[PDB]
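Only one chain comes next, encoded as structure tokens, the form deposited in one PDB entry.
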């Protein structure tokens, strides 16, 4: 019944969604900005509609233009991908009210779980352990704020409730920096996400980032698809993700997986989502839920055989999961390296025209990207231009294949992080596995 869907996104994820539609005989409508007319998926799409000028605020965040596009092409559903309006409760409400299927959760669920402050409360209520913190928004009373920081114990982190992508988070190591770190985060969050709401959380020094993939049909069925380790980070943003997570025992996998599946049923969750945790000394601590598909979804696909984009579409078309928990089986290992148009050392954005391009191939090699020779990477958007995912019968083979595939990958004409990713694959501690969320920056000697 999903004859035509609007892909409310761009770049690599838009192409990912397009491919899934194409395989399923579903008509595609590519909505794009005036800077994105030459996107790969825009050229492969059945229909195209320019929804605004180059800036995201004036295009991909343009709610009325996106709905109008669905309206005028007579689409039935809208896939928001990740970022942009995918976790915008207002968007979902309006799409559904306009008579279109929103390929994601109900808006009440987006507001419960997509907003971080409310998410933590709902998880402390439902029987999921969280990181000790302010357990509410922070007020302007700075004596009250200091008491909190003393309860949980420095270092602490100030986090934006409406934040994402590593934005709106500042680490506080003592009272001397607390007032100004709160103020600057409120400001950064206000200008980046609207919402100036911030809370306080204990800053964990030695955890790993372990996240649990879930699918739920909104009819009372909910499964978990093992986990992903995403501990290799810079500026609180993921650089390498892998699945399964090393060193996670079957007893722990089942413990935490069942909690997340239970949480989904208890909240009536609908679609794909990810529960993100800080994992340290054998314990999981909930930090946030992404109520949407995630960038790193392919590594889970490769180890399970489950097509998560197709599953999202199954759920949106009103069909229950026909995958049961005992039918989920992990085989092998997959690693994903994000490819970013940025300086390999300074990490400042590198827009420009790609003058030469060559993609890697081979058994277990999966290249996810819209880039091509002669494609100009625009300055307006996130720097991630592609994803390289390698699968292998085991983790050593996955990493060996990634080294090989990074050696084949050519992207000339702009700076990229390919050199960085080769360095990480060659890191003896990454090869042993289980490095923490602070490792990459420590290795790079980043003050």
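Numbering follows the first chain given and starts at 1. Only residues modelled in both forms are compared. Each form is matched to the other, and the largest set of C-alpha atoms that superpose within 1.5 Å is called the rigid core.
Below, we turn to the form deposited in another entry, even though it does not appear here.
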Checklist entry - Rigid core fitted, is the C-alpha displacement of residue 327 between this form and the one not shown 2 Å or more? => result no
Next on the checklist: Is residue 90 displaced by at least 2 Å at its C-alpha between this form and the one not shown when the rigid core is overlaid?
Outcome noted: no
Item to check | Direction of C-alpha distance change in the other form, residue 256 to residue 152 (at least 3 Å) | outcome: closer
Item to check | Cα-Cα shift for residue 191 and residue 79, closer or farther in the other form, minimum 3 Å | outcome: farther
Checklist entry - Given a rigid core superposition, which stretches of at least 3 residues have all Cα atoms displaced by 2 Å or more between this form and the one not shown? => result 114-118, 124-163, 167-205
